[PDB]
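So basically every Cβ, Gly included, is an ideal-geometry build from the backbone, and we count neighbours across all protein chains shown. Bear in mind these aren't lab numbers, they're just calculated from the coordinates by the rules spelled out.
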Amino acid sequence: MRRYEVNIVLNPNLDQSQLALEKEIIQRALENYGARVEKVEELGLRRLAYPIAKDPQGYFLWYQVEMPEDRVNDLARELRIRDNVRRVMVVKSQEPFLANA
Amino acid sequence: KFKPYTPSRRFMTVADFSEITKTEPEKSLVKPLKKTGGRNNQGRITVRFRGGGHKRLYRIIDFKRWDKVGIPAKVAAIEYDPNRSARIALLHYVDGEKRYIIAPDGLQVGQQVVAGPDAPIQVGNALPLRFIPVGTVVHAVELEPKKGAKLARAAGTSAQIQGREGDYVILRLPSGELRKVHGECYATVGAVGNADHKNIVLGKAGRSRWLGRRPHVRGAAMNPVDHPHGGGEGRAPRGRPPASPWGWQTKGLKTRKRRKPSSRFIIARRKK
Amino acid sequence: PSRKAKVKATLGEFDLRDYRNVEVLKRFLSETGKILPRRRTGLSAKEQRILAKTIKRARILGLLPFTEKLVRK
Amino acid sequence: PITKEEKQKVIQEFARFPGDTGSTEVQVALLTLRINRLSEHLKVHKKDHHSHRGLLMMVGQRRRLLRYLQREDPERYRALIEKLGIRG
Amino acid sequence: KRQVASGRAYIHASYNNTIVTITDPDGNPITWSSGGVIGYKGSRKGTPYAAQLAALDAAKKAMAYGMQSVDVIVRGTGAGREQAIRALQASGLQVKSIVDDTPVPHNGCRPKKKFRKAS
RNA sequence: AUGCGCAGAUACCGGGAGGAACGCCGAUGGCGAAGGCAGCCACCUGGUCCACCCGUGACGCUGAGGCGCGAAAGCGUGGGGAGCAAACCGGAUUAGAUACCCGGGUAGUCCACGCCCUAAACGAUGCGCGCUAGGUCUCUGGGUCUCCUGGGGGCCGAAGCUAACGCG
C-alpha cells in the first residue's frame with residue numbers, strides 16, 4: 001500500500017442524512033478496498049470558477065491516505081459511481097517544492 | 001456457459017463455412033415445458049412457404065415480472081431452447097421456484113439480480129420504465145403495462161432509453177425508430193445475449209436450411225400459371241408484381257391505424 | 001524580455017506541490033483565465049513545467065475557469 | 001512492482017559471499033528476476049513494442065554475460081544455471 | 001413592444017457581410033440588421049460601411065422599443081467591425097459596457113481548405 | 001453563381017447528442033533503435049543523467065544472415081462518422097477545363113484484433129572508441145554553484161577537411 005491524497009467533490013444540493021449515507025459509503029467502501037485514512041480533512045462546500053455539475057458550487061472532500069496502490073483505479077470507479085461525485089480525483093502523495101525562496 | 005461462435009468446420013467437403021456455437025451450461029432444460037403442434041398448415045387451410053421442422057423440444061418462458069417484484073434470483077445458469085434468437089438463463093428465484101428468462105448481455109451463473117419497485121439499475125434486473133435511467137439499455141420492454149413483456153427484442157439488443165415526456169418515455173427500437181411507453185410499463189434491464197449468431201455461416205444449403213425447418217420460395221418460377229410474375233421463358237417479367245396477387249415491394253401497409261401517430265416517430269429506416 | 005509588471009515576486013516561497021491555492025494560482029490568470037507565461041512568472045524550465053502541471057490539476061478538478069468570458073473588451 | 005527489499009535479499013541468497021555488491025552472480029539474479037516478472041507483464045498487454053524491445057536487448061545482455069561465465073568457467077556457472085532454472 | 005431599458009447588443013461579423021442584433025437582458029431579441037439588410041449584396045455587405053448602417057438600424061429600432069442601454073457582445077471579427085461598433089457608440093442611444101467572446105475553438109475539427117492552408 | 005431560409009433561416013437565448021480534437025500554458029523546449037510520442041489522473045513499464053566510491057572482474061566493440069519493430073495510403077471482420085473529406089454531383093471557367101474557387105456529399109479519416117514494411121525513413125550522411133583552440137547561448141544532474149563539472153541540445157566558430165559549397 002502507498003499513499004495518495006483523495007481529492008473528490010460531491011454534490012452541493014445535499015443535506016443531512018444524505019451527507020451521512022453517501023459519505024459513509026465513501027468510508028466502508030474505501031476500507032473494503034484497502035483504504036484507511038491518514039488525513040481526514042475537507043474544506044466543506046465551496047464554489048468554482050466554472051459551472052460544472054450544472055451548478056456554481058458543491059461540496060468538496062479531501063482525505064489523504066494509505067491504500068493498496070493499484071486499487072486506486074478500482075475504488076475510484078466505485079466512487080464516481082454514486083452520481084453526485086461531481087469529481088473523483090486521486091494523486092500520488094508528494095508535496096515538496098519551494099519556488100521563489 | 002457462454003457460447004462459441006466462429007468454430008467453423010474445415011474442408012470437410014463443401015460442408016464449408018459452417019459456424020458452430022456452444023453455450024457451456026449444456027444441461028438439458030428443466031421441468032417446465034410442453035411442445036408446439038406441427039404448424040405451417042393451420043386453422044387447417046395451409047399456408048406460407050418453406051416450413052418443415054426437424055426434431056422437437058418446445059418452449060414456455062417468463063414474459064412477466066411484477067409477479068414477485070423482488071425475490072432475488074440467482075442465475076440458475078445458462079441454457080436455451082429450439083426457439084429464440086439469443087439463448088436463455090434458467091433463473092432460480094430465492095423462494096424455490098425458477099423461471100426461464102431472457103439472457104441479457106453476458107451476465108453470470110449464480111449472479112443475483114431481480115427487479116420491480118426500484119431494482120438496482122444493473123443489467124439483469126428489470127424495472128418499470130420510469131426507473132428508467134435515461135440513456136441506458138433494456139429490451140423485452142413492454143408498453144401498455146400488464147400486456148406482458150411486449151417487444152421481446154429477440155436477440156434484439158435494442159432497447160435504447162431515449163428521454164421522456166408525459167406518461168410515456170421514448171425509446172430507440174431495433175428497427176431504427178423511436179416510440180413511447182407509459183413509464184409504469186416495463187423493461188428487462190440491459191441488452192440481449194446473441195448477435196454473432198446472426199452472423200453464423202451454414203454449409204450445403206439443402207442440408208442447413210432444411211435442418212432449420214424451412215424449405216423454399218421460388219419466384220416467377222417459369223410456368224407463371226400463377227407465380228404472379230412472368231415465365232414460360234427466360235426473361236425477368238415487368239409489370240412489377242409478387243406471389244399471391246401482390247403489390248411489389250415498395251408500398252405502404254399502415255393506415256389510420258390509430259396505432260401509428262399515437263406514439264413513435266422516426267418513420268421506418270436506417271443507414272449503415 | 002519586457003518589464004513593467006512581472007510576478008516571480010508576487011508571492012515568495014510557494015510550494016508548487018498543490019492545487020487548492022485559489023489565490024496564488026489565480027496570480028497568473030489574466031483575463032480569459034489564460035496562463036500568464038514565462039513572459040511573467042519568469043520561472044525556469046522546471047517551473048513553467050511543474051507549476052503548469054498543477055495549474056492543470058487545478059482547472060482539472062476545478063475551481064478556476066481555464067479560460068472565461070472576458071468582461072471588458 | 002520492483003521490490004528493492006526482497007531484491008537485496010536475493011542478491012544475497014546468491015552472491016556466494018556477503019561481499020558481492022556487484023558481481024556476475026547479481027547481474028544474473030537481477031536480469032533474471034526482472035526479465036521474468038517484466039515479461040509476464042508483456043503477456044497481459046500485447047502492445048508496448050518499445051519496452052518489449054528493450055527487454056529484448058536486456059535478456060541478450062544477461063545471457064551474453066553468462067557467455068563469458070562459461071568462457072572462464074562454466075563450472076560454478078552450471079551450478080548457477082542450476083540454482084536459477086533458465087536455459088534448460 | 002416589451003420595453004426593458006437595458007439589454008444586449010450583439011455584434012458578430014464575417015468578412016463579406018456582418019451582423020448585429022438587439023436582445024433583451026437575458027438572451028432573446030427583438031430586431032437587428034446586417035450587410036445585406038442594408039440594401040446590399042455580394043461583397044459590400046462586408047464593409048465597415050454597411051457596418052455603420054445596420055448598426056444604425058439596430059439602433060432606430062432599438063429606441064423603437066423600451067430599450068437603449070446595452071452591453072456589446074463580440075462575435076468573430078468583421079471587415080470594419082470598427083466603423084460598425086463606432087456607428088454604434090455613435091447613435092449612442094446608450095453606449096454601455098462590452099463583453100468578449102468570439103468563442104474560440106480549442107483544436108478539434110480540421111477546417112476546409114481555406115484555413116488548412118494554415119497548416 | 002450557388003445552395004439554404006416567411007412551411008422564419010442566417011444572428012441571440014436555453015436545453016439535448018455525439019464524434020473528434022486538445023487551446024494558453026508550450027518553447028527557437030523534452031523522451032524515443034525508429035516511427036513518432038502530449039488536458040489531467042491512476043495501473044503496469046522501458047531507455048536513460050548525476051554522485052559515494054563501495055561489487056565483479058575485461059565478460060567487450062561488430063554484426064552478414066535471421067528475428068521483432070514502425071508514417072501516412074489500403075485491405076480483413078467486428079464497432080463508430082460531429083467535422084474533415086480523392087471519389088461522385090453540382091455551381092463559377094475558358095475557346096477547354098475533368099484541376100486551382102464557391103455550393104454539396106460517400107469511401108476513408110477514428111477504436112479493437114488481424115494485415116501490409118511502404119518511403120526525399122533525412123541530419124539525403126552505419127555503428128563502436130580515442131586524439132585536436134576557443135567563443136556563445138539553452139535544458140538538465142553533482143559541487144568551495146564570479147563558476148566549475150558530467151550529461152544534453154542550436155548558434156559562432158583556428159587549425160583542417162572538400163571540385164565547391166559548407167562540415168567544423
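Rounded to the nearest 0.05, what FRET efficiency do B:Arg256 and B:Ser175 have when you use their Cβ-Cβ distance and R0 = 22 Å? Could the numbers behind the result be given before it?
Values: r = 21 Å, r/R0 = 0.95.
The formula returns an efficiency of 0.55 here.
Computed FRET efficiency, Cβ-Cβ of C:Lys56 and C:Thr10, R0 22 Å: what is it to the nearest 0.05?
On the way: r = 20 Å, r/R0 = 0.90.
Efficiency at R0 = 22 Å is approximately 0.65.
Give me a single rounded figure for A:91-100: the average over its residues of other chain Cβ atoms within 10 Å of their Cβ. Please report the intermediate quantities before stating the final value.
Numbers: counts 5, 0, 0, 1, 4, 3, 10, 6, 15, 13.
Across the residues of A:91-100, the mean count of other-chain Cβ atoms within 10 Å is 6.
Once label points are set 7 Å from the Cα along Cα→Cβ at both E:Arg86 and D:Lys4, what is their separation, rounded to one decimal in nm?
Between E:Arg86 and D:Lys4, the label points sit 7.0 nm apart.
Just to be sure I understand the curve: with the Debye formula and one point per C-alpha of segment A:1-97, what is log10 I(q)/I(0) at q = 0.10, 0.23, 0.25 Å⁻¹?
-0.26, -1.24, -1.39
Residue by residue through C:50-62, how many Cβ atoms from other chains fall within 10 Å of the Cβ on average? If you can, show how the numbers build up before the last one.
On the way: counts 2, 2, 0, 0, 1, 0, 0, 3, 1, 3, 4, 11, 14.
Mean shielding by partner chains, rounded to a whole number: 3.
Putting +1 on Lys and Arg Cβ atoms and -1 on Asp and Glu Cβ atoms, find which of A:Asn11, A:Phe97, A:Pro51 reaches farthest to the positive end of the dipole of segment A:1-97.
Comparing the listed Cα positions along the dipole, A:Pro51 ranks first.
Taking beta carbons within 10 Å but only from partner chains, what does the mean come to for residues B:219-225? Spell out each step's value before the answer.
Working: counts 0, 0, 0, 0, 0, 0, 0.
Other-chain Cβ atoms within 10 Å of each residue's Cβ, averaged: 0.
Quick one: which of B:171-180, B:198-207 comes out on top by average Cβ neighbours within 10 Å, and what's the full order, highest first? Walk me through the numbers on the way to the answer.
Values: B:171-180: 18.0, B:198-207: 12.8.
Those peptides, ordered most packed to least, come out B:171-180, B:198-207.
For helix E:81-90, report the angle its Cα long axis makes with the longest principal axis of the Cα atoms of chain E; keep it between 0 and 90° and round to the nearest 10°.
It is inclined by approximately 10 degrees.
Quick one: Cα convex hull volume of the protein assembly as shown, Å³ per residue?
Output value, Cα hull per residue: 371 Å³.
Rounded to a whole number of µm²/s, how large is the Stokes-Einstein D of chain B at 4 °C and 1.567 mPa s, given Rh as the Kirkwood radius over C-alpha pairs?
Working: Rh = 21.5 Å.
D, rounded to a whole number, is 60 µm²/s.
Regarding chain C, what whole-number volume in Å³ per residue does the convex hull of its Cα atoms give?
Details: hull volume 7.1 nm³, N = 73.
For chain C, the hull spanned by Cα atoms encloses 97 Å³ per residue.
What order do you get for B:90-102, D:60-72, B:243-255 when each peptide is scored by the mean count of other beta carbon atoms within 10 Å, highest first? Walk me through the intermediate numbers first.
Working: B:90-102: 18.4, D:60-72: 13.5, B:243-255: 8.9.
Per-residue mean Cβ counts within 10 Å order the peptides as B:90-102, D:60-72, B:243-255.
Taking only Cα atoms, what is the 0 to 90° angle, nearest 10, from helix E:48-63's long axis to the longest principal axis of chain E?
30
Mind listing which GluC sites (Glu not before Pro) in segment A:64-101 are in a DSSP loop and have 11 or fewer other Cβ atoms within 10 Å?
Details: sites: A:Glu66, A:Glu69, A:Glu78; in loops: A:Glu69.
Passing sites in segment A:64-101 do not exist.
Give me the net charge of A:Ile81's neighbourhood, meaning all other residues with Cβ under 15 Å from the Cβ of A:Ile81; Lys, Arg count +1, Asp, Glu -1.
Numbers: positive: A:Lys23, A:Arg28, A:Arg71, A:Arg77, A:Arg80, A:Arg82, A:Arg86, A:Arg87; negative: A:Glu22, A:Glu24, A:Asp74, A:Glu78, A:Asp83.
Summing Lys/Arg as +1 and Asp/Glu as -1 gives +3.
Report the Stokes-Einstein translational diffusion coefficient (µm² s⁻¹, integer) for segment E:3-84, Rh taken as the Kirkwood radius over Cα pairs, at 25 °C with viscosity 0.890 mPa s.
Details: Rh = 12.2 Å.
D, rounded to a whole number, is 202 µm²/s.
Give me the Debye-computed log₁₀ of I(q)/I(0) at q = 0.13, 0.14 Å⁻¹ for segment B:151-272, equal point scatterers on Cα only, no solvent, two decimals.
Values returned for q = 0.13, 0.14 Å⁻¹ are -0.87, -0.94.
Quick check on chain D: what are the equivalent-ellipsoid semi-axes from the Cα gyration tensor, as sqrt(5λ), descending, whole Å? Could you put the intermediate results ahead of the total?
On the way: eigenvalues 115, 54, 22 Å².
For chain D, the semi-axes come out at 24, 16, 11 Å.
Put a dot 7 Å past each Cα toward the Cβ at A:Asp74 and A:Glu38; how far apart are the dots in nm?
Simple spin-label model gives 1.9 nm for this pair.
Can you tell me the dipole magnitude for chain D around its Cα centre, using point charges on the Cβ only (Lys, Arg +1; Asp, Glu -1), in Debye to the nearest 20? Mind dumping the intermediate values first?
Details: 19 positive and 11 negative charges, 91 e Å.
Using only the charged Cβ atoms, the result is roughly 440 debye.
Name the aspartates and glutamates eligible as straight-distance cross-link partners of B:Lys180: C-alpha to C-alpha under 18 Å, and not fewer than 8 places from it in the same chain.
Hits, sequence-local ones excluded: B:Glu142, B:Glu144, B:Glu165, B:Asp167.
Which of the residue pairs B:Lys271/C:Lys69; B:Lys74/B:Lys271; E:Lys41/E:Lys112; B:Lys55/B:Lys204; A:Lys54/C:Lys6; B:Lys271/E:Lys114 have a Cα-Cα distance greater than 29 Å in the structure shown?
Details: B:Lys271/C:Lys69 40 Å; B:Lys74/B:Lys271 39 Å; E:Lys41/E:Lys112 24 Å; B:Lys55/B:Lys204 19 Å; A:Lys54/C:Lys6 36 Å; B:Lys271/E:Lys114 31 Å.
Where the Cα-Cα span goes over 29 Å, the pairs concerned are B:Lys271/C:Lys69; B:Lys74/B:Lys271; A:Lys54/C:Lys6; B:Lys271/E:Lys114.
Which percentage, to the nearest 5, of the DSSP beta bridges contained in the protein assembly as shown is antiparallel? List each step's numbers first, then the result.
Working: 71 of 85 bridges.
Close to 85 percent.
Taking the alpha-carbon centroid of each part, what is the distance from segment B:185-264 to segment A:54-77 in angstrom?
Answer, in whole Å: 56.
Arranged from highest to lowest average of other beta-carbon atoms within 10 Å per residue, in what order do the peptides A:52-62, D:10-20, E:67-77 appear? Mind showing how you got there, number by number?
Values: A:52-62: 16.4, D:10-20: 13.1, E:67-77: 19.0.
Answer by packing, highest mean first, reads E:67-77, A:52-62, D:10-20.
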